[PDB]
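Residues per chain, in single letters:
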Amino acid sequence: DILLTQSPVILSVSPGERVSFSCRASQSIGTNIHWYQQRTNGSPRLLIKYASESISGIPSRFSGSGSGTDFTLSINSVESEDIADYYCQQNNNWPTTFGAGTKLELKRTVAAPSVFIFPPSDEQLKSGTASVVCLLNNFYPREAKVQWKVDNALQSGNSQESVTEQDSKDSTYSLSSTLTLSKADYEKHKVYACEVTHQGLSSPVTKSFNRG
Amino acid sequence: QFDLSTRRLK
Amino acid sequence: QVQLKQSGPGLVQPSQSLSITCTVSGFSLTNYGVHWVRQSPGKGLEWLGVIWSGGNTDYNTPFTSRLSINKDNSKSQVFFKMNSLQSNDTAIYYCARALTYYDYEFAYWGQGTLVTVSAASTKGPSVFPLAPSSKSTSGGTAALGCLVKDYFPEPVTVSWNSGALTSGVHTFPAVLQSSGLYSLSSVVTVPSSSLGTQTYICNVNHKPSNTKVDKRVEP
């Protein structure tokens, strides 16, 4: 089987910049290479066939070149909608094989998160569990710190974070930190606090509530 | 590494 | 137009078998081959096989003994079946069609089918509101959401107001809890002045358990 090596694994660029993805083959494959885009939650989308040939419905900014073992996909001026993974495919040798892919990330200006907090619903409390959700909305860059405190007691290990993929429109990220307790522990305490640290904030933002 | 939840490299 | 629509996601026990149906439209199976590709964390995109116009099949070498593809031309259906699955066979399975009948440049893909291989049991989620308030409000904008908790396996689909609300929506990737069950939240920001006039509903659909819940979210 032909091994296709895509390098680097991650590309980070600013809008309007030209960008190139590389695909190297373990032996000559002529111009038998196709390129694909995969967006968040998407199926692969065909961009270029046979190294350089265009595809109906694909923006002109996408092109491809190369022959033999060294191939290049190019976007002449990156947009935010280009945030995706890119894969190469050879079909000179059976079976057709794919590269491991390159991730395309966009830079943008620092944006502080909007911070919101949600107490557990009475509904969930009936089930005997309490989730407190802290939301960090539309921020950049991705790095952030979320610290939970219950009645001035620092929480550790009892929360889980999730971060969205980069927004294809504004290039931001959003994050949820969920603190989980039993109903009993939740009822034994008053003050629930989510403290947020981020590069876009000149001081930590604390969002909190008193149970009741 | 490919993530089945998001269909994106992580 | 040309479309490939696969059967929904689900759970399959280890050592058992996997079956996916690909229903096509906008072209005839008698004129095009249908290919099967998968995408796994371990090996990324792998070409699995193909059933051609005339019924001939090709299978990638490592799968020749545990893979069968069949079809009903009149029904425009292609059937993918794979035996003795292990946990690393957990992957997204795609059916696909090339530009020309004989080629392999895949211009048309099905939506994919997330197949989880695990000994565990299918469990539907509970849906709880993330109610908007003064503590989720800033500058005329309120945030609200739904907590989709304790389901297995992935995935769940979440929409808002039956698809009519898409702007400002963030559905977070599921996280696996120590219980071995998944949980996620879906949020959306709206003008706070619409809270007294507009209804907000998260439509949650966990296909592997055939569980559909519509959760109204109020301040």
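The record lists X-ray crystallography as the method behind this PDB entry and 2.477 Å as its resolution.

K.L.:
Help me out: how do you make sense of the UniProt feature "disulfide bond" in chain A in this one?
P.N.:
All names here are of chain A. Of the UniProt disulfides, the one joining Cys134 and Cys194 is satisfied here, as the sulfur distance of 2.0 Å falls under 2.5 Å. Of the two residues, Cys134 sits in strand β12 (residues 129-139) while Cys194 sits in strand β17 (residues 191-197), which places them 60 residues apart along the sequence. Exposure class is identical for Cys134 and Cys194. Each is buried.

K.L.:
What exactly am I supposed to notice about the environment of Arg39 of chain A here?
P.N.:
Tracing the chain through its elements places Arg39 of chain A in the loop between β4 (33-38) and β5 (45-48). The sequence separation of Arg39 of chain A and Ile83 of chain A amounts to 44 residues, and the corresponding C-alpha distance is 7.0 Å. Apart from the residues within four sequence positions on either side, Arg39 of chain A is in contact with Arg45, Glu81, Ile83 and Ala84 of chain A together with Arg7 and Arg8 of chain B. Engagement of the side chain of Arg39 of chain A in a polar contact is seen with the side chain of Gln37 of chain A, the distance being 3.4 Å. At 3.2 Å, the side chain of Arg39 of chain A and the backbone oxygen of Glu81 of chain A are in polar contact.

K.L.:
Would you explain the interface of chain B and chain A in this entry?
P.N.:
One widely used convention gives an interface's size as the accessible area the parts lose upon coming together. If you look at the interface, chain B gives 6 residues, while chain A gives 15 residues. Between the two partners, chain B and chain A, sit 2 salt bridges. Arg8 of chain B is the salt-bridge partner of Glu165 of chain A, the closest N and O atoms lying 3.8 Å from each other. Tallied by class, the residues present in the side of chain B that touches chain A amount to 2 nonpolar, 2 polar and 2 charged.

K.L.:
Can you help me understand the packing of aromatic side chains in this one?
P.N.:
Where two aromatic rings form a pair, the distance of their centres and the angle of their planes describe that pair. In total, this model carries 18 aromatic pairs over all chains according to the counting rule given. Through pairs of rings, three or more aromatic residues link up here, namely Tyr36 and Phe98 of chain A together with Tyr94, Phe106 and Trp109 of chain C. One cation-aromatic arrangement involves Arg142 of chain A over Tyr173 of chain A; the distance from NZ or CZ to the ring centre is 6.0 Å.

K.L.:
Is there a simple way to think about the sheet that holds strand β3 (residues 19-25) of chain A in this case?
P.N.:
Where strands meet in a sheet, backbone hydrogen bonds hold them as pairs that are either parallel or antiparallel. All names here are of chain A. The strand order across the open sheet formed by 4 strands is β1-β3-β7-β6, and the pairing between neighbours is antiparallel. Across the chains shown, the open sheet's two edge strands, defined by having one partner strand only, are β1 (4-6) and β6 (62-67). Averaged over all neighbouring strand pairs, the angle between strand axes comes to 20°, with direction disregarded. Looking at chain direction, β3 and strand β7 (residues 70-75) are connected through 6 bridges and run antiparallel. Within β7, the position partnered with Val19 by the bridge is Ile75.

K.L.:
Is there a simple way to think about the pattern of salt bridges in this case?
P.N.:
Residues and elements named next belong to chain A. Summed over all chains, the structure comprises 14 salt bridges over all chains. Here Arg61 ties to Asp82 by a salt bridge, and the two come within 2.7 Å at their closest N and O atoms. In this pair, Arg61 sits in the loop between β5 and β6 while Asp82 sits in the loop between β7 and β8 (84-90), placing the two residues 21 residues apart along the sequence. Classification of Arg61 as buried rests on a relative accessible area of 13%.

Quick notes on the rules
- Residues numbered from 1 in each chain as written, not as in the entry; some residues may be left out.
- Chains lettered and ligands numbered in written order.
- Heavy atoms only, no water.
- Residues with missing side-chain atoms left out of burial classes, pairs and counts.
- Disulfide = S-S within 2.5 Å.
- UniProt positions renumbered as here; feature names shortened; annotations may be inferred.
- Helix = DSSP H or I, 4+ residues; strand = E, 2+ residues; numbered from the N terminus.
- Buried < 20%, exposed > 50% of the residue type's maximum accessible area, 1.4 Å probe, protein only.
- Contact = heavy atoms within 4.5 Å.
- Polar contact = N/O pair within 3.5 Å; in protein donor to acceptor, adjacent residues only side chain to side chain.
- Salt bridge = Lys/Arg side-chain N within 4 Å of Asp/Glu carboxyl O.
- Nonpolar A, V, L, I, M, F, W, Y, C, P; charged D, E, K, R; others polar.
- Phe/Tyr/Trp six-rings, centres within 6.5 Å; stacked < 30°, edge-to-face > 60°.
- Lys NZ or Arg CZ within 6 Å of the ring centre and 35° of its normal.
- Pairing = 2+ DSSP bridges.
- Axes fitted to C-alpha atoms, helices over the stretch in contact; angles between N-to-C directions.

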